[PDB]
Amino acid sequence: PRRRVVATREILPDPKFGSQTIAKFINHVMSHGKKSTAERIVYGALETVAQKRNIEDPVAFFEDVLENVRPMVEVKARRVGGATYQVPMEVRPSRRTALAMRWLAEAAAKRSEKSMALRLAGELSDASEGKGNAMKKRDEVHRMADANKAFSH
Amino acid sequence: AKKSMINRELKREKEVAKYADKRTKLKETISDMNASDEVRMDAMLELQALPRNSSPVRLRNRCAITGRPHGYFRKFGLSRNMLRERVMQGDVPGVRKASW
Amino acid sequence: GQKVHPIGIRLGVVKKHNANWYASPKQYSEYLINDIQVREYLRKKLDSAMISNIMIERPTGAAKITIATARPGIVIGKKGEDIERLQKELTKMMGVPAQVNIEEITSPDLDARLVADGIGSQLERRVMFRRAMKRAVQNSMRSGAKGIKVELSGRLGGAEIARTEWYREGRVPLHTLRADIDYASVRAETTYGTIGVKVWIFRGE
RNA sequence: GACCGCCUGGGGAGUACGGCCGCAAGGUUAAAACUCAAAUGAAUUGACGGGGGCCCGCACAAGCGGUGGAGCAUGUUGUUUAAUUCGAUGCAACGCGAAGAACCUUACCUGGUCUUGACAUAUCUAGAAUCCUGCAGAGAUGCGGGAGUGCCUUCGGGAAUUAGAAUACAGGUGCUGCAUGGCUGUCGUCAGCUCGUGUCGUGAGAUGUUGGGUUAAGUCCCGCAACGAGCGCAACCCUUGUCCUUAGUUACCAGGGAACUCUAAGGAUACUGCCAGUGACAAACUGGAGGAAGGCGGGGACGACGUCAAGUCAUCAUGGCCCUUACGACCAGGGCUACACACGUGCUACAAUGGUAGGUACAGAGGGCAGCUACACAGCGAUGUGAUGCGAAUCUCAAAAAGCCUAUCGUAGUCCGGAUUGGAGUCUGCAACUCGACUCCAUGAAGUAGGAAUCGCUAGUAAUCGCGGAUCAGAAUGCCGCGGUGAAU
RNA sequence: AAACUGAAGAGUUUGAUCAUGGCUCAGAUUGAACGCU
């Protein structure tokens, strides 16, 4: 807003892992307020990748892929006397997680697998090694930040 | 509304009141399954032969005070304009400004 | 045109409806129409005696009309012969006996309708609107109102361009819901058009 | 005080002409006609600035979902019509008046008709009104036959009543919202807008109301030639959030009970009240405890002085103007529903976070005799018949849908989408052709995510899912509400 | 004794103001003309 910084809402964890990170990703996958549909999409993706990779605890795998997708430097528009400068700045960690989750969902939304859960699992697997449209978007953002790398205002 | 239209509604309701009972008995006769087919056919023929304004379908609800056809409320019998005037004056029992 | 009715917005918090009966969803419409007919008939007939608060409450067919006037003597008549005619005229155009029991306003300068109708009568008697307005303000203020506002709107003094004028004295806090503000709005049919007269009399809490 | 220079409305004009000076550029001296009732100076109050400072609002930014592309609904323009009735036109007209046009509504067109008239008072002739009838006509209407003889006072007769006898008149949604009242929009729920007395200025005016903070707030405190007040802000009102008390049916079910939920009245609590800091020894802010709730707990109603000659003379009322065998009045049919088109609001979609077929759950609010219907039977269905309960915390609308489990479809213009058309029906209604809504079978159109552009939303919100009501005989995708799931930033 | 007696402003520039400043008017007069009488 314009005056204060709101106290953030509490997010209850996912029922089947007890992790607020997976709960927040379920929210990012959600549409029209359908928690059950979003939860089954995300859980199908997670069980698919877990059964394919033979990993007992996939929350750590999700943390790994999330930190791999997270950018560190984002380009912000600044105004100095009528000049629009694309100054690269750091990303605060909350925005880091939000951007990573949004990029993962929007990249998984455009793939070619049959089910959305299969699409999301394939995208998680791909970003685990370092490929996929989430990785391309992160690389694009880093590319623009380094392309400027000349305004430290 | 026009005084002519108010009187036209009045004379349209007069026939409805005059043929209210005849329509009821005739309607029971035409809907009677035990009644003969030609009997109910003739009764329906008479119903279609009744004067036009006798039907309660041609009746248009109008404000009692102003005679306005649009914006009528059954419970109060008045158009929205004078309904609001009397509610705000306090002349209408029970009714007040609502909020929830 | 941006203000709520002072009576209506206070209809449940500190004021009361000047109609206290109960009906059924089907009967209510005809009760209300008969009520409005009686009110308009009364306000046209007793236009000489300064009535201001005709109240209609009808217990089970028989009604108890209560008119409050500043001049009960003229409307009652001699020995009470006008009141009987009024009784029977009410009964004729209602169902069954309408017992009209008549109150008395002991302070006609604190009732907004009497003030407004006085200003209206003065305006129709081709009296200066500014003088009538100021006279009403003085009368109410020295009769003991905690506040009076009077607004005169129209072609004042025959002016081609209508204008709105007003005077306020005291408080008259319209937005306070517990304010006990009487309000009246009447019209004076002058020779150049209608002049609206609005009166707010604030009396306490 | 001495002497000198200069001015005498603004333009025309420091221009013309003539002198003088100059190489020239030009300078200098210096008119007039004509033209206009002003042109000016300083200050004041506003407004405005591609001036400055400080601040707020879904204003932007950060996000979520749309509109603009398709079909359809609805409104408007344009066009077309005999008419496609009238009004609303930047925000703040365009699902607006209209909370619901087959007839009626209806105000428009075509035709058929009436002239104190459909309606009020003045009047005198007969009769209680009122009911049942026949024919002609599309109907309005026209011409005829029977029954009844009121009631109180009673031979003056009266509240009502049918057909006129005529003058007043009635009637007009005819015009002027730029003559008006009343009502409404809008800036804007923005925090402002003023007044009295005092003081200052020749004065318009100023001060107060500015300044230092602070606040959602001209909120509050402190300063201060101001001292005070008023309308605005806040509070008082309604709803929701916890508890207590009275009460326990048609409500409830822990062990007939008087526990509980609930219902609906009255109250309790919340006050920066306590703690720690920051702050001018302040207002206040920041964090903490307790508590259901913490700082305005959430939502609403409440809309200052005024602005737009804003909207409405077609709710109504009204000044004036206009028509009175007509612009008044009655009836039938048609139109307001036409469509080379354009735009505004929406609904349904373009699918797999889905379609379909089976099971299995969980609401709230509102309506019901101008009716809702248990149940049974018949029907593929809409519905139809019999019948039952309920003026409802009793009976009913009524099953909530999204949701969950299983199967299937497997990315296709398809098992997506459901327009358009053909056929057959059910209801409502005098009447469904113009022009109703549903049902069934068949058809299966565009549409695969939408250009420039643009909109709403800060939390139980957006998004999505169903359910009620007003208007209403029938006719919502609109309007007004209700709950379910429920985010991102 | 007397000749010694005489002096008015308004309108109009502005949203308003004060100033400046022009224009205009109210008076007196005539070897008058014209119009009505």
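These numbers come from the heavy atoms of this one structure, side chains and all, not from hydrogens, waters or symmetry mates. In what follows, chains carry the letters A, B, and so on, assigned in the order in which the sequence lines appear, proteins first and then strands, with residues in each chain numbered from 1.
Among C/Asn20, C/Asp35, C/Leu32, C/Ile54, the residue making the largest number of heavy-atom pairs under 4.5 Å with chain B is C/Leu32. Of the listed residues (B/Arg96, B/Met82, B/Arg74), the greatest number of heavy-atom pairs within a distance under 4.5 Å of chain C belongs to B/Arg96.
Within a 6.0 Å sphere centred on CD of C/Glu103, other residues, nucleotides and ligands contribute 12 heavy atoms or fewer. Within 6.0 Å of atom OH in C/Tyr22, 12 or fewer heavy atoms from other residues, nucleotides or ligands are found, so the atom counts as exposed in its surroundings. Around CD of B/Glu13, the count of heavy atoms belonging to other residues, nucleotides or ligands within 6.0 Å does not exceed 12. In the displayed structure, B/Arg23 atom CZ is contacted under 6.0 Å by more than 12 heavy atoms of other residues, nucleotides or ligands. Residue C/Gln27 places its CD atom among more than 12 non-hydrogen atoms of other residues, nucleotides or ligands, all under 6.0 Å distant. Within a 6.0 Å sphere centred on OH of C/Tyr192, other residues, nucleotides and ligands contribute 12 heavy atoms or fewer. More than 12 heavy-atom neighbours from other residues, nucleotides or ligands sit within 6.0 angstrom of CD on C/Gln99. Residue C/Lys15 qualifies as enclosed at atom NZ: its count of foreign heavy atoms under 6.0 Å is above 12.
C/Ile9 touches chain B through backbone and side chain together, each having a heavy atom under 4.5 Å away. Looking at C/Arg10, there are no atoms closer than 4.5 Å to chain B (heavy atoms on both sides), in backbone or side chain. Heavy atoms closer than 4.5 Å to chain C are found in the side chain of B/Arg86, but not in its backbone.
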Item to complete: Mind running side chain to side chain contact (heavy atoms under 4.5 Å, CB included) on B/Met88 and C/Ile7 for me, showing each step along the way?
Response: CA-CA 7 Å; B/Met88 281 333 258; C/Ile7 294 315; over 6 Å; no

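Nearest approach of C/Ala19 to B/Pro93, heavy atoms of both residues: O-CB, 3.2 Å. When all heavy atoms are compared, the tightest approach of B/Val92 to C/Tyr28 is CG1-OH, 3.1 Å. The shortest non-hydrogen separation linking C/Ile36 to B/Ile65 is CG2-CD1, 3.6 Å.
Atom NE2 of C/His5 sits about 9.0 Å away from atom CD of B/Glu85, to the nearest 0.5 Å. For the atom pair NE2 of C/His17 and CD of B/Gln89, the computed distance is 12.0 Å after rounding to the nearest 0.5 Å.
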